[PDB]
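Read through the structure below, which is laid out as structure tokens, and then see the notes.
Backbone-built Cβ (ideal geometry, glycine too); neighbour counts: all protein chains shown. What follows draws every value from the coordinates through simple rules; no lab data is involved.
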Amino acid sequence: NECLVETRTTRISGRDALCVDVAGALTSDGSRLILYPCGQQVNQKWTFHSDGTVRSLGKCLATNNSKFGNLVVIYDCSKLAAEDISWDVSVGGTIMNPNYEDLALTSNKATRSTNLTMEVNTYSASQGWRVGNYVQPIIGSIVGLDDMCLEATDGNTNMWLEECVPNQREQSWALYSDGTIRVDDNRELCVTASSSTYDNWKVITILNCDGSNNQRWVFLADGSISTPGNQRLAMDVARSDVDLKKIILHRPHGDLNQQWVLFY
Amino acid sequence: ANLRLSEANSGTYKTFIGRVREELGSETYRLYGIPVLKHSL
Amino acid sequence: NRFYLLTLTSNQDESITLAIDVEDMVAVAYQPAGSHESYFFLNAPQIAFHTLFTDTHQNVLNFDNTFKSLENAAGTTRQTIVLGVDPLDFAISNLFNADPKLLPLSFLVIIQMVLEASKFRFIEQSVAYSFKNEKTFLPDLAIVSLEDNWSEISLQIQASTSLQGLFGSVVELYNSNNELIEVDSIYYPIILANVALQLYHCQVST
Ligand SMILES: CC(=O)N[C@@H]1[C@@H](O)[C@H](O)[C@@H](CO)O[C@H]1O
């Protein structure tokens, strides 16, 4: 037991709980990587090294606009430039190269076998990743003020606080590796920040999961349910008043109406 | 840091636990947002 | 200084002062208010005896503050010991009157509902429900696995600063239906949003 960890072999799961997969287990320099259903396959095993590289099949994950354009690929650590194979993982689920600051690891589609790319970082739910060996959605209740539970109301189209009822289906949420919070009874449906407003703040509702930057959330150590990246906002119970039936997206202040607990 | 059970609901319990965390957790030393226990009081 | 005093008062207005070692966050000793006796765990630090309740006659207990020792002395596991409002009231009472039969059980109740609750949000919230609904519960693997792995989770969090939020070792935690969740990184809300205080192991930074 030691506070320096040298290398670690784990998995990376992203959009729609799918995994980062080196396409058809290919070993060649320039073999491209795709989103694919998670399994124990060697090409879904990713090893992180203290040098900052992230590797499968003994080769390094890499991005270079001159050589590969927009596409993310595995390539030899000896051959490639040290700039192009170094990586950073953030608590909010962003995987990115420190040299290519505007860009972030992306899956432009939710479907399997889709080539992974380095797009412009909008902190979108298609740019959200969980590094870790447990890839499954984490299912629980989400508890706010007055020990009340978030409930999916109006045929899974709105969201607000109700008195907790154990094993009520509409009070169960599934937290996915992409940072989406999804209706347990319908996994095509995401907690989303709407265009509709209350007191000039976006109201939170349930819409179809579309991989936007309105449907990516991170549970932080401060007890907030927040948007990733800068210009951060938090989920909050409007006016600390459960009777308003309105959850809105507010500037973070860490008060009770912005505090939540995952009851798993 | 007191807890009275006659004057006790969910809200006062949470406030009490909140104060224990305040007093035992470092004001400046945090990792990923999570406080490390204080070296002294 | 090192020891954090803390008072709990029952429905019968009997109050006790409990001392916590800030280094481990463990209970070391306690005194019933207006009493000539105090009671120290067998493994209380030397400094506890030196500095706390020197006013009083310091008695040393038959067990230590580890969960195993407490379970052994209570004759039962944390997985069968009821928590809630009335259990806490009973526990405070039994410490106050120094009832030798029920001391270890009473400590298990108080430690979980105060110290373990302070460490984890999941435990805090479980206890808060028992207050609001006035309904007792028995901890299962979700609570127990958090209690047992706190030190290890704290270590892995510090260790994770050296390699992109990845743990040096797997921690085995459970959800409310007793399903295993093997955690090997900080990128799980059951760690990052749960752990409210961490044990110091190493001098690291984020
Ligand atoms: C799913 C996908 O994008 N597949 C394409 C494939 O259709 C294309 O012909 C090939 C070049 O051989 O490169 C792959 O990335």
Please compute the Kirkwood hydrodynamic radius of the range A:137-264 from all pairs of different C-alpha atoms, in Å with one decimal. 14.2 Å
Ranked list, fewest to most other Cβ atoms within 10 Å of each Cβ, for A:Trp217, A:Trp46, A:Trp129: A:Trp46, A:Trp129, A:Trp217
The size of the Cβ-based charge dipole (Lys, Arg +1; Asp, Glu -1) of chain A about the Cα centre, to the nearest 20 debye, is 880 debye
If the reach is capped at under 15 angstrom between alpha carbons, list the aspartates and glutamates near A:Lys45, excluding any in the same chain fewer than eight residues apart. A:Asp21, C:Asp184
Taking chain A as a Gaussian network, where each spring joins two C-alpha atoms under 10 Å apart, which residue of A:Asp199, A:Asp236, A:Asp178 fluctuates the most? A:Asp199
Round to the nearest 0.05 the FRET efficiency obtained for A:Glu101 and C:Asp24 when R0 = 41 Å and r is the Cβ-Cβ distance. 0.45
Roughly how crowded by other chains is peptide A:49-60, in terms of the mean Cβ count from those chains within 10 Å of each of its Cβ atoms? 1
When only Cα pairs under 8 Å and 6 or more residues apart are kept, what is the percent relative contact order across the range C:52-180? 23 percent
Most fluctuating residue of A:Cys164, A:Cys209, A:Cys190 in a GNM of chain A with Cα springs under 10 Å: which is it? A:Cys164
For the protein assembly as shown, what does -39500 (n - 2.57) per DSSP helix run (n ≥ 4), summed and divided by total residues, give at 222 nm, in deg cm²/dmol to the nearest 500? -5000 deg cm²/dmol
Provide B:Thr28, A:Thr153 in ascending order of the number of other Cβ atoms located within 10 Å of each residue's Cβ, fewest first. B:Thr28, A:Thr153
Round to a whole angstrom and tell me the spacing of the C-alpha centers of the range A:26-56 and the range A:167-243. 31 Å
Can you give me the Rg/Rh ratio for the range C:84-153, using Cα atoms for both radii and the Kirkwood formula for Rh? 0.99
Gaussian network model of chain A, Cα springs within a sub-10 Å range: biggest mean-square fluctuation belongs to which of A:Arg216, A:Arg239, A:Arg11? A:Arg239
Checking the a/c ratio against 1.5 first, then a/b against b/c, what shape does the Cα gyration tensor give for chain B? oblate
Check each of the GluC sites (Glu not before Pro) in chain B and keep only those in coil by DSSP with at most 14 other C-beta atoms within 10 angstrom; list them in order. B:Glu7
With R₀ set to 60 angstrom, the calculated FRET efficiency between the beta-carbons of A:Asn70 and C:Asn59, to the nearest 0.05, is 0.25
Within chain C: Cβ-based charge dipole about Cα centre, in debye rounded to nearest 20 (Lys, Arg +1; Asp, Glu -1): 160 debye
Extend 7 Å from the Cα of A:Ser195 along its Cα-to-C-beta direction; within the range A:231-264, residues with backbone N under 20 Å of that point are A:247-250
Inside 10 Å of the C-beta atoms of A:146-157, what's the mean count of C-beta atoms belonging to other chains? 1
Amide H contacts under 5 Å for A:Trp160, restricted to residues at least 5 apart in sequence or on another chain and with H modeled in the peptide plane, are A:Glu151, A:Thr153
Projected label distance in nm at B:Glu22 and B:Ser6, using a 7 Å step from Cα toward the beta-carbon: 2.4 nm
Sequence-distant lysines (8 or more away, or on other chains) whose Cα lies within less than 17 Å of B:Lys38: C:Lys119
Using a 7 Å offset from the Cα along the Cα-to-Cβ direction at both A:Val42 and A:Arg169, what is the distance between the two label points in nm, to one decimal? 4.5 nm
Under a straight-distance cross-link criterion of Cα-Cα below 19 Å, which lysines are reachable from A:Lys79, leaving out those fewer than 8 residues away in the same chain? A:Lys59, A:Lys67
Give me the inter-chain shielding for B:18-27: mean count of other chain Cβ atoms within 10 Å, whole number please. 5
Within the range A:108-180, trypsin sites (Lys or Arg not before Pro) in DSSP loop having at most 16 other beta-carbon neighbours inside 10 Å: A:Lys109, A:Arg112
Quick one: Cα centre-to-centre distance for the range C:129-175 and chain B, in angstrom? 18 Å
Using only the Cα atoms of the range C:1-120, build the gyration tensor, take square roots of its eigenvalues as a ≥ b ≥ c, and label the shape rounded, prolate or oblate: rounded if a/c is under 1.5, else prolate if a/b is larger than b/c, else oblate. rounded
For a paramagnetic label modelled at 7 Å from the Cα of C:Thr136 toward its Cβ, which residues of the range C:46-80 fall within the zone defined by backbone nitrogen distances under 17 Å? C:74-80
